[PDB]
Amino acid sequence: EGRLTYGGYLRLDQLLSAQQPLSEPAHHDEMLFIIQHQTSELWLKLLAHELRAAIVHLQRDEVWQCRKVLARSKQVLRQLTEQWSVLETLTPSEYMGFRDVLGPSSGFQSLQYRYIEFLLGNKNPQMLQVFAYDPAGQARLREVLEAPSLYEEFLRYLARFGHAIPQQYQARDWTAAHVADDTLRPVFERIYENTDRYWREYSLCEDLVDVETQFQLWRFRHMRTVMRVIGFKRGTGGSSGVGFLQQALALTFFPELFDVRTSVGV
């Protein structure tokens, strides 16, 4: 159909022909497994689309626009987090009926997910290997890898307005994951200590805290779902499974924002 019809515009012939279970005979629960991932991948694509715009707004000092885009980003992350409730209706007995059809593949190979991790700041050049089979996508990942993260662009925004931001944030090896910077503590303390004056900065700090918290919630529900489905069995990717996902919850995108809590109003 033409791009002006409902199905043609949405390219449903292509979208709705992408569900191909491998189990033989076809296991009833494999459709859920596939759709759970595909809906997530679509939301991740939208999330990346929105986050990229949030970065551009920050670079241009467009605060309200940045916040609006981040508001939608939070709603998308919330859908990604809420949907785990569907997959939790998948029991170990059902999963073991087709887990074998799956190869040594895993979410590790999710290009879109890695894209988000990179955009938020959890850079990992060593992650470019898993996508060696695909140079095209690998290239797009490299771009974000070599560019300032959402968090670093926020720091650059603060720098443009006279905040005491270290000179290194003007230019450095962006491919290296951000490391907790103690010198940023006084910067955020000032913001939280005078919110009427630094309302723009204050609102953005809380938006970032919201984003990270929602992301961690996604990681937690992910881990808990894996736990109830495969328990402590090793993952098809090669990790310890739950153990590895448990360590992921220890990661932090915006450490200084959480650390400042300990000194606010001291």
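The first residue of the sequence shown is number 1, and the count goes up from there.
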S240 dropped from a third or more of the other entries of this protein: yes
Coordinates lacking for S105, a third or more of other entries: yes
Average Cα temperature factor in the PDB entry - higher stretch of 53-61, 28-36: 53-61
82-90 versus 162-170 - greater average Cα B-factor per the deposited record: 162-170
Residue selected from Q129, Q75, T195, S110 by maximal Cα B factor: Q129
Highest-ranked of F188, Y133, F118, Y95 once sorted by CA temperature factor in the record: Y133
Position of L10 among the chain's modelled residues by C-alpha B-factor, lowest, middle or highest third: lowest
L155 by Cα B-factor - lowest, middle or highest third of the modelled chain: middle
